[PDB]
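Heads up: the structure comes next, in structure tokens.
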Amino acid sequence: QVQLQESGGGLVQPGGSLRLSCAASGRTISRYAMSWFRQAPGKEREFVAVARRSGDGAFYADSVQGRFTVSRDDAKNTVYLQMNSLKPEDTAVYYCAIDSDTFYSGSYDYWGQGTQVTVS
Amino acid sequence: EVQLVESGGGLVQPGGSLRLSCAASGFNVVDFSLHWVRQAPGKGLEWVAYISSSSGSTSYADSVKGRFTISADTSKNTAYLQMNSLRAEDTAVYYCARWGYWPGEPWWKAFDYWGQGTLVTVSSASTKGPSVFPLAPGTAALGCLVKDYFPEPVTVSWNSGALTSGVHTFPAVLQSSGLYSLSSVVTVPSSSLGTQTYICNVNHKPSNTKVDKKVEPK
Amino acid sequence: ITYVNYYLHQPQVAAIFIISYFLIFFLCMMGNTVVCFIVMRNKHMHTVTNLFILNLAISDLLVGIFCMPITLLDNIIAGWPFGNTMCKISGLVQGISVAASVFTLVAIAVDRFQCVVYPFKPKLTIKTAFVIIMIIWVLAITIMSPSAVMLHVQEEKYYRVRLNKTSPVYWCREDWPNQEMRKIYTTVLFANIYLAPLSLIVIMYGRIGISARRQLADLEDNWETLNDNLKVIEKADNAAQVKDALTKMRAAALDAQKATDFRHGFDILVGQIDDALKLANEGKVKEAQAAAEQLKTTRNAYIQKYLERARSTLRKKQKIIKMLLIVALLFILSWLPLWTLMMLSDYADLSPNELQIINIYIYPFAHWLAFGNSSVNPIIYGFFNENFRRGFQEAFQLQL
Amino acid sequence: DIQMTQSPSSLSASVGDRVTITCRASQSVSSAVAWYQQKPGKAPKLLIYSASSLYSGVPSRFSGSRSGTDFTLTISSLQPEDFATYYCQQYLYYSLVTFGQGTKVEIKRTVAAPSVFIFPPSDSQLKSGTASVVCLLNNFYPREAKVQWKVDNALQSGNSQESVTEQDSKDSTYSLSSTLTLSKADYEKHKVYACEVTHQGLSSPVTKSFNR
């Protein structure tokens with residue numbers, strides 16, 4: 001009974017920068033962990049990053065490590081994926097996800113439609 | 001140089017008796033209070049007892065009151081913790097630590113020097129050898145299960161130590177029967193499965209067994 | 001082509017103007033003279049803060065001698081009767097003293113911030129205060145020497161003053177190459193001298209007020225934790241809550257001792273809490289209460305005197321800070337009309353009638369308020385210190 | 001009785017980071033708390049005493065401070081030898097000592113999903129009357145994966161025991177092994193045995209199964 005909507009995306013030249021943002025409506029987020037996944041044409045829902053609860057770290061995949069940064073604003077119940085230096089390999093549909101486990105076991109149940117990020 | 005040395009820790013049956021000795025060198029036990037602090041395997045530190053031989057004041061944790069007795073003999077400059085009616089949750093590594101007397105820095109420096117810690121194990125299990133079983137398998141995992149052995153120490157190697165890449169030997173987990181179980185796995189290329197033979201050599205010194213089990217694909 | 005009499009103002013308004021200027025001049029002279037006499041005569045007075053107060057008195061004396069009578073004679077007479085040298089000396093001295101006063105106030109506030117917020121730090125010595133005063137004077141010299149070095153008296157041909165000798169009027173104003181440089185210099189001086197020190201002094205005095213109040217609150221809480229838990233031990237029935245009461249007493253005793261012979265008394269008190277704690281651990285409460293009842297003897301003989309003396313310094317320290325806050329606020333409030341009038345006449349494009357009203361009715365009043373501030377500081381010092389009141393009586397009795 | 005809560009138990013950090021560990025005391029003890037460092041297999045070492053004072057000989061990067069009943073330890077530059085378990089003790093009286101729950105500072109690393117393998121019991125083990133199936137998770141960094149055993153789409157509890165290795169020295173990644181033990185009679189009843197793994201780096205659970 002809880003959904004979550006994602007914004008951002010579009011056509012960006014190589015080396016550009018995008019700030020995606022997923023806001024979840026119907027439930028609180030400060031007690032959970034918000035992850036970002038990527039699905040490219042012919043690729044099976046690759047993990048991008050994850051922001052744990054405040055006071056816990058934010059972890060990234062090796063492909064996006066050092067370039068992407070996942071911020072978390074609990075006032076609006078939203079999480080941002082600031083993408084920098086967008087190479088053409090980042091062209092994919094980006095999904096947000098919220099795992100129902102407070103121990104960060106990775107139990108993803110609510111995803112959303114995702115936003116298409118095309119780089120040339 | 002001051003030094004706390006613990007001794008006497010050993011395997012005992014539940015409800016048995018043990019006597020830990022903490023020998024103090026460098027300093028005199030008259031000028032410091034000696035504390036016993038235990039850490040259970042996989043858990044955190046917890047304070048057990050203390051003695052102050054200057055005033056002979058002893059105190060114990062609520063979990064060990066009436067079951068542990070702490071004494072301090074200053075002629076030999078040592079402390080003793082007699083643990084009788086030992087339960088299964090008393091198995092832990094016990095450290096003897098030194099806490100000075102009020103006032104001033106010696107009191108404010110709490111537990112500045114510890115001992116190396118002696119491990120006590122309280123279980124009714126008997127010494128028995130392990131039963132090594134194969135775990136038949138880009139890359140594939142392949143290992144052996146070493147289960148139903150006591151006491152804890154056991155060593156597992158692969159190809160007599162020739163194979164060390166990708167080898168994971170998981171920590172032993174205490175079974176419901178008081179024995180121990182362990183798994184030693186290794187990730188090897190799929191091509192090596194058909195040709196190279198893999199053997200895990202398991203040595204259990206307390207039971208004096210050196211069974212080596214070869215693992216094959218199916 | 002306009003003839004103007006030697007005297008311009010009406011005799012009544014001129015009389016009230018000159019009498020007000022003479023009143024503030026006499027007040028400044030008397031106050032600064034008695035302050036200097038008090039600081040020099042009594043050796044116990046000499047401290048870092050009192051040395052900066054003496055520096056403030058010297059700067060106010062410089063204003064009173066080289067700025068106030070000259071400005072009064074400039075206002076009563078048409079134009080500037082004095083030469084260019086007198087005008088440049090007056091303006092330069094006024095600027096130097098303003099900068100010196102601001103920097104001395106900042107140094108005083110910084111010293112009291114170190115004294116209150118971080119009392120563990122060593123107190124500044126007299127030599128350090130003296131070299132700080134010297135570098136403050138050097139900074140004032142190097143920041144407002146351009147006003148003196150670049151100045152001139154200009155002759156205005158359209159207005160001629162006569163008594164029966166007619167001569168074109170003269171006026172001394174900063175003849176900058178363009179108004180842009182004058183405006184930028186005035187704005188940067190306003191930012192460096194008025195605004196930034198205002199913010200620093202206000203925020204630092206606020207932080208001092210926070211720090212000063214917190215110290216006394218914890219001292220009272222620790223004292224009342226020891227006192228009320230002692231009554232608990234007397235009325236306690238079993239050994240579980242005697243241990244709890246003794247546990248609360250021990251933490252308060254350790255905390256109170258941390259607050260800055262005095263530490264020795266807390267060494268004895270904590271040891272007796274341990275002595276009562278051993279008896280409580282053994283199980284029986286009756287002898288632990290007896291050991292706790294002897295803590296009252298050391299509390300009265302070693303802690304009551306500590307608490308009353310520790311309380312005393314705290315209260316006395318606020319009054320000095322409050323006085324320094326008042327003198328800083330009155331300085332800032334007195335110089336606010338001058339700076340805000342300069343900004344309004346420079347940035348806010350007003351009507352020519354508005355500028356005409358500003359020059360006639362607002363500029364002399366703001367100038368008087370800033371100059372009258374020099375006569376305010378001695379009043380604040382005398383009314384907020386009993387020591388200065390004693391100095392006032394001693395000087396008056398000696399000279400009268 | 002004086003509870004000492006050390007909340008930031010999990011601390012993933014890299015070399016050069018400034019890590020902070022907070023500790024909350026139930027009662028208003030004075031600045032009488034100590035911070036100890038314990039590396040695995042060794043005794044604790046005194047790092048901080050009196051809640052602010054650095055012990056002699058320990059590196060100056062460690063620094064403790066106190067505000068109210070909140071005591072915080074800080075490492076300004078996390079050297080590679082600063083990865084250990086840190087304990088927060090309160091020492092108000094000799095008989096009143098309560099350590100904290102301990103915080104394990106681990107090496108920050110990129111997320112790796114586990115590689116999941118399943119091993120059915122050997123027939124040699126079946127000759128003994130017991131059958132232990134084992135599911136292995138290989139090389140996953142965040143030690144938060146969850147393994148669930150399904151036997152004919154039935155989830156069991158109380159019969160699966162798992163052990164995870166320490167962080168690897170080479171690639172700083174964890175490895176886990178979960179063993180589900182059953183009797184031979186209880187093993188021959190069912191034919192399909194599966195281990196299903198959920199990881200924070202996994203979009204969907206990885207299910208490895210075998211038919212008996």
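Ordered as shown in the structure tokens, chains take letters A, B, and onward, while each chain numbers its residues from 1 and ligands are numbered from 1 in the order shown.
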(request) For segment 37-53 of chain B, list every protein, DNA or RNA residue within 7 Å, evaluated using only C-alpha atoms, and leave out those in the same chain fewer than 5 positions away; present the list as a PyMOL selection string. (result) (chain B and resi 30+58-61+70-72+91-96) or (chain D and resi 97-99+101-102)
Could you save the residues just selected, with N, CA and C atoms, as a compact mmCIF listing (two decimals), in the first residue's frame?
```txt
# COMPACT_ATOMS: atom_id res chain seq x y z
N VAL B 30 49.49 -5.13 46.58
CA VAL B 30 49.00 -4.31 47.68
C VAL B 30 48.60 -2.92 47.18
N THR B 58 36.22 -7.49 48.57
CA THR B 58 35.91 -8.28 47.40
C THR B 58 34.50 -7.98 46.94
N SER B 59 34.29 -8.01 45.62
CA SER B 59 32.93 -7.94 45.11
C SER B 59 32.83 -8.74 43.82
N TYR B 60 31.62 -9.19 43.52
CA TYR B 60 31.36 -10.08 42.40
C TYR B 60 30.17 -9.57 41.60
N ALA B 61 30.11 -9.98 40.34
CA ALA B 61 28.95 -9.67 39.52
C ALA B 61 27.73 -10.45 40.00
N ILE B 70 36.93 -14.75 45.07
CA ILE B 70 38.19 -14.13 44.68
C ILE B 70 39.03 -13.92 45.93
N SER B 71 40.28 -14.37 45.88
CA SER B 71 41.25 -14.18 46.95
C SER B 71 42.50 -13.55 46.36
N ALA B 72 43.36 -13.03 47.24
CA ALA B 72 44.62 -12.44 46.81
C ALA B 72 45.68 -12.77 47.84
N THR B 91 31.67 -20.30 30.12
CA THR B 91 32.78 -20.47 29.20
C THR B 91 33.11 -19.13 28.54
N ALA B 92 34.37 -18.72 28.65
CA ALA B 92 34.78 -17.39 28.20
C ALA B 92 36.28 -17.26 28.40
N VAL B 93 36.83 -16.16 27.90
CA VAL B 93 38.22 -15.80 28.14
C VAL B 93 38.24 -14.80 29.29
N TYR B 94 38.94 -15.15 30.36
CA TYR B 94 39.01 -14.34 31.57
C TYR B 94 40.32 -13.56 31.58
N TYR B 95 40.22 -12.26 31.84
CA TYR B 95 41.36 -11.36 31.91
C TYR B 95 41.48 -10.83 33.33
N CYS B 96 42.71 -10.77 33.82
CA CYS B 96 43.02 -10.15 35.10
C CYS B 96 43.60 -8.77 34.81
N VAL D 97 31.05 -1.58 37.33
CA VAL D 97 31.70 -1.47 36.03
C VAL D 97 30.78 -2.08 34.99
N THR D 98 30.46 -1.30 33.96
CA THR D 98 29.64 -1.77 32.84
C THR D 98 30.30 -1.31 31.55
N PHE D 99 30.79 -2.26 30.77
CA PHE D 99 31.34 -1.95 29.46
C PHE D 99 30.21 -1.67 28.46
N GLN D 101 28.63 -2.21 24.45
CA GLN D 101 28.39 -3.39 23.62
C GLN D 101 29.47 -3.61 22.57
N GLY D 102 30.33 -2.63 22.34
CA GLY D 102 31.43 -2.79 21.40
C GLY D 102 31.07 -2.41 19.98
```
(request) With a distance threshold of 6 Å and counting only C-alpha atoms, extract the residues of chain D near chain A and express them as a ChimeraX atom specification. (result) /D:110-111,144-146,198-201
(request) Give me the residues within 12 Å of residue 164 of chain B as number ranges by chain, counting only C-alpha atoms and dropping any in the same chain fewer than 5 places off. (result) B: 156-159, 169, 184-188, 200
Those same residues - C-alpha atoms - I'd like them written as a PDB file, in the first residue's frame.
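This is the output file selection_29.pdb:
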```pdb
ATOM      1  CA  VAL B 156      42.142 -27.829   7.823  1.00  0.00           C
ATOM      2  CA  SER B 157      44.496 -27.444   4.861  1.00  0.00           C
ATOM      3  CA  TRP B 158      44.109 -28.081   1.137  1.00  0.00           C
ATOM      4  CA  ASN B 159      46.610 -30.084  -0.934  1.00  0.00           C
ATOM      5  CA  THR B 169      37.684 -21.922   6.716  1.00  0.00           C
ATOM      6  CA  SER B 184      36.426 -25.439   4.640  1.00  0.00           C
ATOM      7  CA  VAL B 185      35.592 -24.345   1.095  1.00  0.00           C
ATOM      8  CA  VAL B 186      37.620 -23.171  -1.890  1.00  0.00           C
ATOM      9  CA  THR B 187      36.618 -21.578  -5.194  1.00  0.00           C
ATOM     10  CA  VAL B 188      38.468 -23.109  -8.149  1.00  0.00           C
ATOM     11  CA  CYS B 200      41.345 -31.447   2.403  1.00  0.00           C
TER      12      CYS B 200
END
```
(request) Would you work out the distance separating atom CA of residue 42 of chain A from atom CA of residue 92 of chain A, expressed in Å to one decimal? (result)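 Going from atom CA of residue 42 of chain A over to atom CA of residue 92 of chain A, I get 10.1 Å.
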Please identify all residues of chain C having at least one atom at most 9 Å from any atom of chain D, considering only C-alpha atoms, and return them as a PDB file with N, CA, C and O atoms, in the first residue's frame.
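Saved as out-v3.pdb:
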```pdb
ATOM      1  N   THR C 247      25.951   5.953  44.983  1.00  0.00           N
ATOM      2  CA  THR C 247      26.397   6.062  43.599  1.00  0.00           C
ATOM      3  C   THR C 247      26.170   7.467  43.056  1.00  0.00           C
ATOM      4  O   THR C 247      27.023   8.011  42.346  1.00  0.00           O
ATOM      5  N   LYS C 248      25.021   8.069  43.375  1.00  0.00           N
ATOM      6  CA  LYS C 248      24.745   9.431  42.927  1.00  0.00           C
ATOM      7  C   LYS C 248      25.658  10.437  43.617  1.00  0.00           C
ATOM      8  O   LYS C 248      26.094  11.412  42.996  1.00  0.00           O
ATOM      9  N   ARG C 250      28.724   9.886  44.672  1.00  0.00           N
ATOM     10  CA  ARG C 250      30.089   9.756  44.175  1.00  0.00           C
ATOM     11  C   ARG C 250      30.282  10.506  42.865  1.00  0.00           C
ATOM     12  O   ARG C 250      31.301  11.177  42.669  1.00  0.00           O
ATOM     13  N   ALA C 251      29.316  10.398  41.952  1.00  0.00           N
ATOM     14  CA  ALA C 251      29.425  11.094  40.674  1.00  0.00           C
ATOM     15  C   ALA C 251      29.407  12.604  40.861  1.00  0.00           C
ATOM     16  O   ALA C 251      30.158  13.330  40.199  1.00  0.00           O
ATOM     17  N   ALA C 252      28.544  13.098  41.751  1.00  0.00           N
ATOM     18  CA  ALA C 252      28.495  14.531  42.024  1.00  0.00           C
ATOM     19  C   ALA C 252      29.787  15.020  42.662  1.00  0.00           C
ATOM     20  O   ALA C 252      30.283  16.100  42.324  1.00  0.00           O
ATOM     21  N   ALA C 253      30.341  14.244  43.597  1.00  0.00           N
ATOM     22  CA  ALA C 253      31.595  14.628  44.235  1.00  0.00           C
ATOM     23  C   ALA C 253      32.730  14.692  43.223  1.00  0.00           C
ATOM     24  O   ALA C 253      33.553  15.613  43.258  1.00  0.00           O
ATOM     25  N   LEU C 254      32.793  13.717  42.314  1.00  0.00           N
ATOM     26  CA  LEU C 254      33.798  13.750  41.259  1.00  0.00           C
ATOM     27  C   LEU C 254      33.573  14.929  40.321  1.00  0.00           C
ATOM     28  O   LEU C 254      34.532  15.539  39.840  1.00  0.00           O
ATOM     29  N   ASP C 255      32.309  15.256  40.044  1.00  0.00           N
ATOM     30  CA  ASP C 255      32.000  16.385  39.171  1.00  0.00           C
ATOM     31  C   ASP C 255      32.334  17.712  39.839  1.00  0.00           C
ATOM     32  O   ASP C 255      32.935  18.597  39.218  1.00  0.00           O
ATOM     33  N   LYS C 258      35.946  18.381  39.856  1.00  0.00           N
ATOM     34  CA  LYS C 258      36.433  18.769  38.537  1.00  0.00           C
ATOM     35  C   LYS C 258      36.203  20.251  38.269  1.00  0.00           C
ATOM     36  O   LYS C 258      37.012  20.889  37.584  1.00  0.00           O
ATOM     37  N   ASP C 274      33.299   5.817  49.238  1.00  0.00           N
ATOM     38  CA  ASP C 274      33.781   4.459  49.013  1.00  0.00           C
ATOM     39  C   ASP C 274      33.713   3.633  50.291  1.00  0.00           C
ATOM     40  O   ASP C 274      33.354   2.451  50.256  1.00  0.00           O
ATOM     41  N   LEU C 277      30.310   2.705  50.667  1.00  0.00           N
ATOM     42  CA  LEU C 277      29.913   1.795  49.597  1.00  0.00           C
ATOM     43  C   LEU C 277      30.366   0.369  49.882  1.00  0.00           C
ATOM     44  O   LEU C 277      29.660  -0.588  49.543  1.00  0.00           O
ATOM     45  N   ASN C 281      27.896  -2.779  50.135  1.00  0.00           N
ATOM     46  CA  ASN C 281      28.123  -3.991  49.353  1.00  0.00           C
ATOM     47  C   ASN C 281      28.123  -5.226  50.241  1.00  0.00           C
ATOM     48  O   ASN C 281      27.620  -6.285  49.846  1.00  0.00           O
TER      49      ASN C 281
END
```
(request) Would you mind writing down, as a VMD selection string, each residue of segment 54-196 of chain D that DSSP on the backbone assigns to strand (DSSP E or B)? (result) chain D and resid 54 62 to 67 70 to 75 85 to 93 96 to 98 103 to 107 115 to 119 130 to 140 146 to 151 155 160 to 164 174 to 183 192 to 196
(request) Give the alpha helix (DSSP H) residues of segment 283-368 of chain C, as assigned by DSSP on the backbone, as a ChimeraX atom specification. (result) /C:286-293,295-298,304-346,352-357,363-368
(request) May I have the residues of chain B within 8 Å of chain C, counting only C-alpha atoms, written as a ChimeraX atom specification? (result) /B:57,59,102-103
(message) Which residues are close to residue 83 of chain A, i.e. within 12 Å by only C-alpha atoms, leaving aside same-chain residues fewer than 4 positions away? Reply as a PyMOL selection string.
(response) chain A and resi 8-9+12+14-21+36+48-49+60+63-71+87+90-91+94+117+119
Kindly save the residues from that selection, with N, CA and C atoms included, as a compact mmCIF listing (two decimals), in the first residue's frame.
```txt
# COMPACT_ATOMS: atom_id res chain seq x y z
N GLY A 8 13.95 13.23 -12.27
CA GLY A 8 15.23 13.37 -12.93
C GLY A 8 15.31 12.56 -14.20
N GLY A 9 16.49 12.57 -14.81
CA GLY A 9 16.73 11.86 -16.04
C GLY A 9 16.61 12.75 -17.26
N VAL A 12 21.75 13.63 -21.62
CA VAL A 12 22.88 14.37 -21.08
C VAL A 12 24.13 13.98 -21.84
N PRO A 14 28.15 13.30 -22.51
CA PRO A 14 29.15 12.64 -21.66
C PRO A 14 29.88 13.63 -20.77
N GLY A 15 30.14 13.21 -19.53
CA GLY A 15 30.71 14.08 -18.53
C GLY A 15 29.72 14.97 -17.82
N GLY A 16 28.43 14.87 -18.13
CA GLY A 16 27.43 15.70 -17.51
C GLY A 16 27.07 15.25 -16.11
N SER A 17 26.02 15.83 -15.54
CA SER A 17 25.67 15.59 -14.15
C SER A 17 24.16 15.59 -14.00
N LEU A 18 23.64 14.61 -13.25
CA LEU A 18 22.21 14.49 -13.00
C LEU A 18 21.98 14.24 -11.52
N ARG A 19 20.90 14.82 -10.99
CA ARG A 19 20.48 14.59 -9.61
C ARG A 19 19.11 13.92 -9.63
N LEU A 20 19.11 12.60 -9.68
CA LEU A 20 17.87 11.85 -9.54
C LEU A 20 17.38 11.92 -8.10
N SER A 21 16.08 11.68 -7.92
CA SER A 21 15.48 11.80 -6.59
C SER A 21 14.23 10.94 -6.53
N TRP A 36 19.48 2.35 -4.92
CA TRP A 36 19.31 2.72 -6.31
C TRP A 36 19.86 1.60 -7.17
N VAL A 48 23.27 -0.06 -8.10
CA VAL A 48 24.01 1.19 -8.22
C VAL A 48 24.56 1.65 -6.87
N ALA A 49 23.68 1.88 -5.90
CA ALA A 49 24.13 2.43 -4.63
C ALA A 49 23.07 2.17 -3.56
N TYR A 60 28.39 2.00 -2.47
CA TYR A 60 28.28 2.18 -3.91
C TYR A 60 28.85 0.97 -4.63
N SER A 63 31.33 0.38 -10.24
CA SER A 63 31.17 1.15 -11.47
C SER A 63 30.91 2.62 -11.18
N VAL A 64 30.10 2.91 -10.15
CA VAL A 64 29.72 4.28 -9.82
C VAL A 64 30.47 4.82 -8.62
N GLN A 65 31.42 4.06 -8.07
CA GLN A 65 32.17 4.52 -6.91
C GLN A 65 33.07 5.69 -7.28
N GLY A 66 32.95 6.78 -6.53
CA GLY A 66 33.73 7.97 -6.77
C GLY A 66 33.05 9.01 -7.64
N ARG A 67 32.02 8.63 -8.38
CA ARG A 67 31.28 9.55 -9.25
C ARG A 67 29.88 9.85 -8.75
N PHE A 68 29.14 8.85 -8.28
CA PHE A 68 27.79 9.06 -7.79
C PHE A 68 27.82 9.26 -6.28
N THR A 69 26.83 10.00 -5.78
CA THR A 69 26.70 10.27 -4.36
C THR A 69 25.23 10.22 -3.99
N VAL A 70 24.88 9.40 -3.00
CA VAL A 70 23.49 9.21 -2.60
C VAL A 70 23.27 9.97 -1.30
N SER A 71 22.45 11.01 -1.37
CA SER A 71 22.07 11.79 -0.20
C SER A 71 20.68 11.39 0.26
N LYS A 87 29.26 9.02 -17.95
CA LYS A 87 29.77 8.38 -19.14
C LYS A 87 28.62 7.76 -19.94
N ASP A 90 26.26 4.82 -18.62
CA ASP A 90 25.23 5.00 -17.60
C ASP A 90 23.83 5.12 -18.19
N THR A 91 23.69 4.98 -19.51
CA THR A 91 22.38 5.01 -20.16
C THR A 91 21.57 3.80 -19.72
N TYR A 94 16.73 3.93 -14.20
CA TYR A 94 17.16 3.94 -12.81
C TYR A 94 15.95 3.76 -11.91
N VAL A 117 17.72 7.49 -18.04
CA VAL A 117 18.85 8.40 -18.16
C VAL A 117 19.64 7.96 -19.39
N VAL A 119 22.68 8.94 -22.11
CA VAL A 119 23.90 9.72 -22.29
C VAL A 119 24.33 9.54 -23.74
```
(request) Find the residues around residue 149 of chain D up to 7 Å (only C-alpha atoms counted), leave out those fewer than 6 positions away in its own chain, and share them as a PyMOL selection string. (result) chain D and resi 155-156+194-196
Can those selected residues be exported to a file as a PDB file, in the first residue's frame so that it contains N, CA, C and O atoms?
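Below is the file that was written, out.pdb:
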```pdb
ATOM      1  N   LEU D 155       9.525 -22.919   4.850  1.00  0.00           N
ATOM      2  CA  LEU D 155      10.639 -22.275   5.530  1.00  0.00           C
ATOM      3  C   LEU D 155      10.766 -22.814   6.950  1.00  0.00           C
ATOM      4  O   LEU D 155       9.802 -22.786   7.721  1.00  0.00           O
ATOM      5  N   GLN D 156      11.956 -23.300   7.289  1.00  0.00           N
ATOM      6  CA  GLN D 156      12.228 -23.874   8.597  1.00  0.00           C
ATOM      7  C   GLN D 156      12.977 -22.885   9.481  1.00  0.00           C
ATOM      8  O   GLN D 156      13.626 -21.952   9.007  1.00  0.00           O
ATOM      9  N   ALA D 194      16.226 -25.938  -1.207  1.00  0.00           N
ATOM     10  CA  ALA D 194      16.693 -24.700  -1.807  1.00  0.00           C
ATOM     11  C   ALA D 194      17.181 -23.751  -0.727  1.00  0.00           C
ATOM     12  O   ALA D 194      16.619 -23.707   0.370  1.00  0.00           O
ATOM     13  N   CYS D 195      18.231 -23.002  -1.040  1.00  0.00           N
ATOM     14  CA  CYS D 195      18.657 -21.875  -0.223  1.00  0.00           C
ATOM     15  C   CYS D 195      18.448 -20.597  -1.021  1.00  0.00           C
ATOM     16  O   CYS D 195      18.906 -20.487  -2.166  1.00  0.00           O
ATOM     17  N   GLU D 196      17.723 -19.654  -0.424  1.00  0.00           N
ATOM     18  CA  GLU D 196      17.386 -18.381  -1.041  1.00  0.00           C
ATOM     19  C   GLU D 196      18.087 -17.266  -0.280  1.00  0.00           C
ATOM     20  O   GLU D 196      17.978 -17.184   0.947  1.00  0.00           O
TER      21      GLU D 196
END
```
(request) Return as a PyMOL selection string the residues belonging to chain D that are within 8 Å of chain B, counting only C-alpha atoms. (result) chain D and resi 32+34+42-46+49-50+91+94-95+97-102+117+119-122+124-125+161-165+175-177
Closest atom pairs, segment 65-150 of chain C residues within 12 Å of segment 299-319 of chain C, only C-alpha atoms, as JSON lines:
```
{"residue": "C:112", "atom": "CA", "partner": "C:317", "partner_atom": "CA", "distance": 9.5}
{"residue": "C:113", "atom": "CA", "partner": "C:317", "partner_atom": "CA", "distance": 11.6}
{"residue": "C:115", "atom": "CA", "partner": "C:317", "partner_atom": "CA", "distance": 9.7}
{"residue": "C:116", "atom": "CA", "partner": "C:317", "partner_atom": "CA", "distance": 8.5}
{"residue": "C:117", "atom": "CA", "partner": "C:317", "partner_atom": "CA", "distance": 12.0}
```
Only N, CA and C atoms, please: the residues just picked out, written as a compact mmCIF listing (two decimals), in the first residue's frame.
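Full text of part12.txt as output:
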```
# COMPACT_ATOMS: atom_id res chain seq x y z
N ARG C 112 38.31 38.83 28.39
CA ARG C 112 37.29 38.28 29.29
C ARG C 112 36.71 36.98 28.76
N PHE C 113 36.67 36.81 27.44
CA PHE C 113 36.27 35.53 26.85
C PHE C 113 37.24 34.43 27.24
N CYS C 115 39.09 34.54 29.93
CA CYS C 115 38.99 34.39 31.38
C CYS C 115 37.79 33.53 31.77
N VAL C 116 36.67 33.67 31.07
CA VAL C 116 35.43 33.01 31.49
C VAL C 116 35.27 31.66 30.79
N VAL C 117 35.26 31.68 29.46
CA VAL C 117 34.94 30.46 28.71
C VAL C 117 36.05 29.43 28.85
```
(request) Please provide as a PyMOL selection string all residues within 9 Å of residue 133 of chain C, with the sequence filter that same-chain residues fewer than 5 positions apart are discarded (counting only C-alpha atoms). (result) chain C and resi 51-52+55+100+103-104+107+128+138
Please, could you write that set of residues out with C-alpha atoms as a PDB file, in the first residue's frame?
```pdb
ATOM      1  CA  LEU C  51      45.174  48.872  31.422  1.00  0.00           C
ATOM      2  CA  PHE C  52      42.848  48.811  28.417  1.00  0.00           C
ATOM      3  CA  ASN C  55      44.017  53.313  27.112  1.00  0.00           C
ATOM      4  CA  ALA C 100      41.765  52.644  19.062  1.00  0.00           C
ATOM      5  CA  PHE C 103      40.189  47.707  19.020  1.00  0.00           C
ATOM      6  CA  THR C 104      40.560  48.190  22.785  1.00  0.00           C
ATOM      7  CA  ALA C 107      40.771  43.198  23.125  1.00  0.00           C
ATOM      8  CA  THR C 128      51.326  41.367  26.698  1.00  0.00           C
ATOM      9  CA  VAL C 138      49.977  51.146  15.150  1.00  0.00           C
TER      10      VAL C 138
END
```
(message) as a PyMOL selection string, please: the residues near residue 108 of chain D (cut-off 9 Å, only C-alpha atoms, same-chain neighbours under 4 positions excluded).
(response) (chain A and resi 57+59) or (chain D and resi 11-15+141+172)
(request) Report the distance between atom CA of residue 78 of chain A and atom CA of residue 32 of chain A in Å, rounded to one decimal place. (result)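 Distance reported for this atom pair: 11.6 Å.
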